[PDB]
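Overview (structure and organization)
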Amino acid sequence: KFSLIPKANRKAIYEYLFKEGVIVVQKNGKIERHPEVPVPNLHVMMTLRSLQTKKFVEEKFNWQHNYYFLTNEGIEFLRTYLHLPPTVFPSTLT
Amino acid sequence: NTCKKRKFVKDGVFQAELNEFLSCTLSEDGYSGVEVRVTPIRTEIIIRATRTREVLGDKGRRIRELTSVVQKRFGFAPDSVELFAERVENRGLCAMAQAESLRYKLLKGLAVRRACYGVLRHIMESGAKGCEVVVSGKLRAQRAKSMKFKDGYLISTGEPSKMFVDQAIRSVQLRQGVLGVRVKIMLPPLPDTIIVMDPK
Amino acid sequence: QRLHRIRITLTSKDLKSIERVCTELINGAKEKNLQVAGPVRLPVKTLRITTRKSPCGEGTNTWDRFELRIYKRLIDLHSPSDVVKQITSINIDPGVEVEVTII
Amino acid sequence: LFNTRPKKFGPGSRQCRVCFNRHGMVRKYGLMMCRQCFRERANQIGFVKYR
RNA sequence: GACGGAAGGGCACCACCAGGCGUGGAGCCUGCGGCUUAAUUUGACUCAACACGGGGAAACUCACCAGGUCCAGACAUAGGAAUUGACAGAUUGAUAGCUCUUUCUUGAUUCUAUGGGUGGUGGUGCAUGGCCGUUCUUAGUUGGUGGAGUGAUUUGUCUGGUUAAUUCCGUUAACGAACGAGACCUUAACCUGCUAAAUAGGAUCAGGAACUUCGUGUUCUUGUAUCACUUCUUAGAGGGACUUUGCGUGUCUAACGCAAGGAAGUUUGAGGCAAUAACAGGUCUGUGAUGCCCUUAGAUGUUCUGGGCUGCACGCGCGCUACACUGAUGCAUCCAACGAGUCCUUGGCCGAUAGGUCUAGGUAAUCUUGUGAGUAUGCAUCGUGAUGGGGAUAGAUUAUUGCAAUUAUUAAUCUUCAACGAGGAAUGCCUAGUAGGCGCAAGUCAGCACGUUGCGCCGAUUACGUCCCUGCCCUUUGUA
């Protein structure tokens, strides 16, 4: 909705991205939180505006919908913040 | 449910929204086209390509991205959509390949004369009947001046245009502005020609 | 098994896609020799949009006349549902919406 | 409180998915396509013009 | 090359001819000048600006104007250890804690400053892409080798006949090719043939009602009632026109005209598609197509309340309804096709009307719907009076959409009863299911069509030629 996203709900974005490795957000600000993760839709746009400008995630637009991919240096960052076991989620694994 | 006229619209726009996305992600990959084969509760989706190395990447990295990326957006079940890469035989004839090839030659920084002949040479060698390659926009000048390149015959008109040609257009971005780039490629049962037999 | 009645809908954009299916599935029925009636060709629902060609107002006010075409066609049968699942599941076509229905 | 009127109906409610433009919105069969956007992608959807 | 109020050819109802129906006149709707205003956002100005930007604007849209918010300013470096939610009064249109007189809370998301991003319907279409219009609905346009010329260039691409056509036969320093044209694609016309249809019907065979009882005598109605059928209905496969045949017309070569036959003989009718060159055409306001510039928190970002685009001494452009008696009005009769719906609306009650209320079918060849459309037809009253033709202008009331209808969104009911008596000079559109008239449906749409795009119905007059006007194409010719 409005204001800074809680720091628990920061990790709600990251732990979804930690498991699955994709996260697509509709461009619209007033739109409802993205289907999937129960948060505000602005907060998903803000946290991945924050993410792309320090590299890690690979942003790709088309169609208002912003189709992110997560790189090799990206999965290092989340694991450190996440504390997930190393080698926890290979994209080579099915 | 929805009605059949609305269903072909909803399924039809899904093709268009899919295709322009898979143009932009597979730009440096340099793809040919797309197709879909719906079956009951297993919606298959066939990506054609010039090269298969980038699209699978490493043990199906960028396949298993694009399986996930579709089903997040349009609201499918997990493992319902599923992508298969494919090689096109006779790969030169596709027009959207060559426009995307000619993009990265200009975008890296070659002269416009040298690059466009090289793209025109490949499609002529590959066994297209004829072709052209236009490059609009400003070039060695402040006023715009569209250079044109052409070899082999190329029809413009009729319903036989749409089948026997294949035609494509892209942007490409420079320091001073945007260039255009057209490609148009005539392929190999025509209307006009009549091949008469010998009796003996 | 029991005496049933099945009437399978077929719809697509192309003519050529359905004329594969109509020829194939009747011959697929005539493997087992079920009570086939021929494919009942319904009227064609032509969809239509007319937009202006130009983005802005300038020039003469010219118009596109875009069209889709949709082809409802109906293969009739009298046979139980366990028999028909072999016929339909093999030979599925690219971009042809098909739905089997009892009665 | 702020940042929302009732936005339910009229041209202000809805926009072009491809280009975000309300004007020239083709809503026949539920397209939701702005006309500049719609004509160039019409062949890829299915629509082929004749007569 | 272009131009000529020079010649010789061939063409178009965006040009005349012969005409048909109009506009220009009247009021009204709607667009553009101006004039006005806090603001009346702004593009485009001969054809090719002006019911055009799918532009029918109550708010939204919105660019404009008077005010009020939020940062939705990534990240880098750095100080500080920070920023938020808000009651009841104050203050404010405001139940925006915006800011406050006060005092509870928030817990490192952000604040503070410097660099730098970010965003825009800000400016530039004379920096561009893409798209469309126009030159141009016409028949035109290139290079390869060879010939001519010191060269620009030329020849091919042509005296002549023929064609809707650089389309053909032919003539030849040209020969052989490519695009355009043609072919092609879609649709409309005719098949007692082909292949079928409880989501189209017909005919049957048995039953029901009514009149007749004349008798299987006419007209309605009935059913997974049937046996079996495809003429209409629907649509896959196809057939069908080649100017075939006859007589003229021509180096009788290319091909024209006329008559007969035929569903159809202008390429059978009507469209889509559309070359090379371009034009400082239009569009930065269709865009995540974009260079550069502007500005970026006391904002041109964004969004909320209210107004405006509709404001009127007066010019100009597309349309609608009119002036009546081939008519208006009141009753009765009975006929279309294109659509379109998760909203379209039958059925029964209430109500002069609008409309409402309670059930009800429909993801649609099944339901609305066979959409009982209106010019039309039949029977009455009116009587040439601006009259009952005309329905502007204006008061008062009842419903409907919406969160909100005042500058009145419409629809009704009663009144109010103007101009206009066939339109001055100028000038548009059009050759057969065409003109004109009469409705219907869809697009934009919560609501609103006097607008556009398609659809049928009733259905004429007059040409079948021409280069006089207005343009066009090709030669020879003149040019400062």
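What counts as what
- Residues numbered from 1 in each chain as written, not as in the entry; some residues may be left out.
- Chains lettered and ligands numbered in written order.
- Part of a larger assembly, values for the part shown.
- Heavy atoms only, no water.
- Residues with missing side-chain atoms left out of burial classes, pairs and counts.
- Near = heavy atom within 4 Å.
- Polar contact = N/O pair within 3.5 Å; in protein donor to acceptor, adjacent residues only side chain to side chain.
- Nonpolar A, V, L, I, M, F, W, Y, C, P; charged D, E, K, R; others polar.
- Buried < 20%, exposed > 50% of the residue type's maximum accessible area, 1.4 Å probe, protein only.
- Helix = DSSP H or I, 4+ residues; strand = E, 2+ residues; numbered from the N terminus.
- Pairing = 2+ DSSP bridges.
- Contact = heavy atoms within 4.5 Å.
- Buried area = accessible area lost by both parts, 1.4 Å probe.
- Salt bridge = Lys/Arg side-chain N within 4 Å of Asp/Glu carboxyl O.
- Domains from an automatic or database assignment.
- Disulfide = S-S within 2.5 Å.

- Method of determination, as given in the entry header: cryo-EM; reported resolution: 3.35 Å.

Topic: the protein's contact with RNA strand E
- The immediate surroundings of RNA strand E are formed by 100 residues, with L4(A), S50(A), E58(C), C19(D) and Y29(D) found nearest.
- When the atoms of RNA strand E within 4 Å of the protein are grouped by moiety, sugar and phosphate amount to 73% of the total.
- For RNA strand E, a phosphate oxygen lies 2.6 Å from a polar atom in the side chain of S50(A).
- Contact between RNA strand E and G12(D): a base oxygen at 3.2 Å from a main-chain N or O atom of the residue.
- Grouping the amino acids of the surface near RNA strand E by side-chain chemistry returns 33 nonpolar, 32 polar and 35 charged.

Quick notes on the pairing of strand β4 (residues 66-70) of chain C
Residues and elements named next belong to chain C.
- Within β4, four of the five residues are buried, which leaves it mostly tucked inside the rest of the structure.
- Sheet topology places strand β3 (residues 45-49) next to β4; five bridges connect them, and they run antiparallel. Residue pairing in the sheet places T46 in a bridge with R69 of β4.

Overview of the interface of chain D and chain B
- On the chain B side, the residues contacting the ten residues of chain D number eleven residues.
- With both sides pooled, the region where chain D packs onto chain B buries about 890 Å², and carbon together with sulfur makes up 57% of that total.
- Contact with chain B buries area across many residues of chain D, yet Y29(D), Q44(D) and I45(D) alone supply 54% of it, more than any other trio.
- For the salt bridge of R17(D) with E17(B), the shortest nitrogen-to-oxygen distance reads 3.6 Å.
- For the pair chain D and chain B, the number of links is zero residue pairs in polar contact.
- Here the residues of the side of chain D that touches chain B are counted per class, giving five nonpolar, three polar and two charged.

A look at the domain arrangement of chain B
Residues and elements named next belong to chain B.
- One can read the domain layout of chain B as domain 1 (1-89) and domain 2 (90-200).
- If you average the C-alpha positions of domain 1 and of domain 2, the two centres end up 27 Å apart.
- Summed over the shared surface of domain 1 and domain 2, the result is zero salt bridges.
- Inspection of the region where domain 1 meets domain 2 yields four residue pairs in polar contact.
- Among the residues making up the side of domain 1 that touches domain 2, the classes are represented as two nonpolar, four polar and three charged.

Description of the state of the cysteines
Residue and element names in this part refer to chain D.
- Counted by the stated rule, this structure contains two disulfides over all chains.
- Covalent S-S linkage joins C16 and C34, the inter-sulfur distance amounting to 2.0 Å. In this structure the cystine formed by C16 and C34 twists about its S-S bond by roughly -55 degrees; its chirality is therefore left-handed. Placement of the pair is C16 in the segment before β1 (25-26) and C34 in strand β2 (residues 33-34), with a sequence separation of 18 residues. Each member of the pair, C16 as well as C34, is classed as buried.

Notes on unusual backbone geometry
- Positive phi outside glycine occurs at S3(A), with the angle close to 85 degrees.
- By secondary structure assignment, the location of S3(A) is in the segment before α1 (7-20).
- For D79(B), which is not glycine, the phi torsion reads 70 degrees and is therefore positive.

With respect to the interface of chain D and chain C
- Taken residue by residue, the interface counts 16 residues in chain D and 16 residues in chain C.
- When the two sides are added together, the surface that chain D and chain C hide from each other amounts to roughly 1,600 Å², 55% of it contributed by carbon and sulfur.
- At the junction of chain D and chain C, the tally comes to two salt bridges.
- When the shortest N-O distance is used, the salt bridge between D64(C) and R39(D) registers 3.4 Å.
- On inspection of chain D and its partner chain C, the count reaches ten residue pairs in polar contact.
- Put simply, the parts of the chain that give the side of chain D that touches chain C at least two residues each are α1 (35-40) and α2 (42-45) of chain D.
- The leading source of residues in the side of chain D that touches chain C is α1(D), at four residues.

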